[PDB]
Amino acid sequence: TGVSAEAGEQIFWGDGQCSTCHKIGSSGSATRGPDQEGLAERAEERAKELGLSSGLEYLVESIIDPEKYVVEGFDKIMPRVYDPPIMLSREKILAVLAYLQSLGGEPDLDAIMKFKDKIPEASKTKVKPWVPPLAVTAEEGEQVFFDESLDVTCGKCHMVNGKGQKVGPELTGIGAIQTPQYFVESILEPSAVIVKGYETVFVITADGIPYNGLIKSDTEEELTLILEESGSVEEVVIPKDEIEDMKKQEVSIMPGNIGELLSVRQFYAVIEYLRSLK
Ligand code: HEC
Ligand code: HEC
Ligand SMILES: [Ca+2]
Ligand SMILES: [Ca+2]
Ligand SMILES: [Ca+2]
């Protein structure tokens, strides 16, 4: 579809997967990454703060090296879209850059094209194929994911295609977005990266009762928390009028010892299942 902001718009809201994490004002609803309304202008300020030549160069760096600068309030979750699974082509990345420039600025085709030699080509990815050290299948991993007899059951907290229970983020489609390495880290180091909005809050009530958990819903009268203990969850409804203090914490309620609770085979099977969620 060429290199234009119009082509980039289709890619941002399509095969680039950008809109699975980013919204643009009232367009879209994803909150995993920052709202990109006004991105063109704040890229200019990012560039000045980071010593880059231009806002456009900051946009390029944000795609090719997402870890290099981490926007305040977020964790290192953005994938390299030129790598698997997304495998976004170089022309499509150039198009996306034109679209990003149109978010409060002017697309500059000549300037974008000069960064072509900095964009890795998806077909030339250096990522090695993912080969588990045992024969496992996605179907085997699906069974593990929903197995209530294990000491951890992913389906107690994660929904996939309408099955499971909504505590953490729905995992439908995540295999089209994230890497196996991200799945490994998410399972074995769950608080290393916290999906935005799924932070644990520490609550103290006026009667001095502590409640530590994930906010399920936040209304004018009531705060509903999900508390976790040893892989089990429970809800508490706390009247807003009784809340003395609330502090967000950079920790996840996803159990921190899953490496002790899954076998090698169950672990690699569940990763194959996640990879398969396209
Ligand atoms: C689809 C190809 C895209 C594009 C064009 C962008 N993203 Fe993301 N992104 C995500 C998170 C958590 C952050 C903040 C942490 C960090 O800086 O890495 C970002 C950041 C950006 C930026 C910089 C924004 C700024 O305000 O400075 C830009 C330009 C950007 N992204 C573009 C999260 C995600 C995803 C979650 C898994 C996905 C998918 C994408 N981003 C995809 C894209
Ligand atoms: C069973 C072994 C699993 C597997 C395979 C996953 N989970 Fe969880 N998870 C929970 C919460 C609150 C979050 C968000 C906060 C955080 O980032 O830790 C997550 C996150 C994930 C991810 C990342 C998802 C993404 O969109 O990037 C993945 C891949 C993941 N989990 C896999 C909560 C829970 C639980 C509540 C007690 C339980 C049990 C699990 N998760 C179990 C699993
Ligand atoms: Ca970044
Ligand atoms: Ca995590
Ligand atoms: Ca209890």
Side-chain angles (χ1 to χ4, degrees), residues 12-24 26-36 66 73-79 81 84-86 138-148 150 152-201 213-219 223-228 231-236 248 250-256 258 261-262 266-267 269-278:
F12 185 103
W13 297 92
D15 292 335
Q17 307 300 326
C18 320
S19 62
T20 75
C21 296
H22 295 284
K23 74 193 181 59
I24 305 178
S26 65
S27 300
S29 60
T31 54
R32 311 282 147 98
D35 189 333
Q36 304 286 41
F74 293 90
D75 282 351
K76 300 181 178 178
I77 192 171
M78 183 165 155
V81 298
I86 288 171
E139 309 58 41
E140 181 185 358
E142 182 178 23
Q143 192 280 332
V144 171
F145 191 100
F146 290 106
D147 192 340
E148 304 187 351
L150 304 183
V152 59
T153 306
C154 318
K156 284 177 184 183
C157 292
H158 289 287
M159 290 198 11
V160 179
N161 306 310
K163 188 150 141 101
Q165 180 171 260
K166 177 183 184 181
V167 174
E170 166 169 9
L171 298 184
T172 309
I174 196 166
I177 301 164
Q178 283 292 5
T179 65
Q181 290 78 9
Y182 178 71
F183 299 145
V184 167
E185 180 184 70
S186 294
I187 294 165
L188 300 177
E189 297 175 273
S191 297
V193 156
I194 297 175
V195 176
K196 181 72 166 185
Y198 292 87
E199 309 82 10
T200 304
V201 299
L214 169 68
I215 295 171
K216 176 190 185 192
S217 45
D218 191 337
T219 80
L223 179 69
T224 301
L225 298 183
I226 296 162
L227 320 178
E228 184 274 344
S232 287
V233 287
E234 73 186 292
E235 291 187 19
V236 293
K248 222 147 75 184
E250 297 198 336
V251 303
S252 177
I253 59 155
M254 178 161 164
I258 295 169
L261 305 180
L262 297 182
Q266 288 165 336
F267 175 72
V270 82
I271 286 162
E272 283 312 300
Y273 176 59
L274 297 174
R275 295 177 73 217
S276 81
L277 300 183
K278 287 174 206 305

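The chain is numbered in sequence order, starting from 1. Side-chain atoms are counted along with the backbone in the values below, which use heavy atoms only and exclude waters and symmetry mates.
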Quiz item: Can you check whether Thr224 reaches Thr219 side chain to side chain, under 4.5 Å on heavy atoms?
Solution: no

Quiz item: Considering only heavy atoms from C-beta outward, does the side chain of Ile86 approach that of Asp15 to under 4.5 Å?
Solution: no

Self-check item: Identified side chain to side chain contact (heavy atoms under 4.5 Å, CB included) partner of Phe145 from the options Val160, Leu150, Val152, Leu277
Solution: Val160

Exercise. Would you name the heavy atoms of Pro190 and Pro255 that are closest together and state the gap between them?
Key: CG-O, 3.4 Å

Exercise. Taking the side chain as every heavy atom from C-beta outward, state whether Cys157 and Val233 have any pair of such atoms under 4.5 Å apart.
Key: yes

Practice problem: Sequence neighbours left out, what pairs pass side-chain hydrogen bond (donor to acceptor under 3.5 Å, both in side chains) with at least one residue falling in residues 155-178? | Solution: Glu170-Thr172

Self-check item: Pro66 versus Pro79, closest heavy-atom pair with distance
Solution: CG-O, 3.6 Å

Quiz prompt | Heavy-atom side-chain proximity of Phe183 to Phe267 below 4.5 angstrom | solution = no

Practice problem: Quick one: pull up CD in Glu139 and OH in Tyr273 and give me the separation to the nearest 0.5 Å. | Solution: 10.0 Å

Self-check item: Flag, side chain of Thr179 to backbone of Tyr182, donor-acceptor distance under 3.5 Å
Solution: yes

Quiz item: Could you state the interatomic distance from CD (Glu185) to NZ (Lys76), rounded to the nearest 0.5 Å?
Solution: 9.5 Å

Quiz item: Quick one: does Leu274's side chain get under 4.5 Å of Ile187's, heavy atoms only?
Solution: yes

Exercise. Check whether any side-chain N or O of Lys216 sits under 3.5 Å from a backbone N or O of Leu225 as a donor-acceptor pair, and report yes or no.
Key: no

Quiz item: Hey, does the side chain of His22 reach the backbone of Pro34 with a donor-acceptor pair shorter than 3.5 angstrom?
Solution: yes

Quiz prompt | Heavy-atom check, side chain of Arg275 versus side chain of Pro180, under 4.5 Å | solution = yes

Quiz item: Under 3.5 Å, is there a donor-acceptor pair between the side chain of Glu228 and the main chain of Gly231?
Solution: yes

Self-check item: Gap between atom CD1 of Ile77 and atom CZ of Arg32 - 0.5 Å precision
Solution: 7.5 Å

Practice problem: Quick one: pull up SG in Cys154 and CZ in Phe146 and give me the separation to the nearest 0.5 Å. | Solution: 8.0 Å

Quiz item: If you look at every heavy atom in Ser252 and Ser191, which pair is closest and at what distance?
Solution: N-OG, 2.9 Å

Quiz item: Heavy-atom distance under 4.5 Å between the side chains of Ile24 and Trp13, does that happen here?
Solution: yes

Quiz item: Is a donor on one side and an acceptor on the other found under 3.5 Å between the side chain of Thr153 and the backbone of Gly155?
Solution: no

Exercise. Flag yes if more than 12 heavy atoms outside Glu250 fall under 6.0 Å of its CD atom; otherwise flag no.
Key: no

Quiz item: Which residue pairs pass the side-chain hydrogen bond (donor to acceptor under 3.5 Å, both in side chains) test with at least one member in residues 192-201, sequence neighbours excluded?
Solution: none

Quiz item: So, the side chain of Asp75 versus the backbone of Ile194: is there a donor-acceptor pair under 3.5 Å, distance only?
Solution: yes

Quiz item: Is any side-chain heavy atom of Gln17 less than 4.5 Å from a side-chain heavy atom of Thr20?
Solution: yes

Self-check item: Least distance between heavy atoms, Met254 atom then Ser186 atom
Solution: CE-O, 3.2 Å

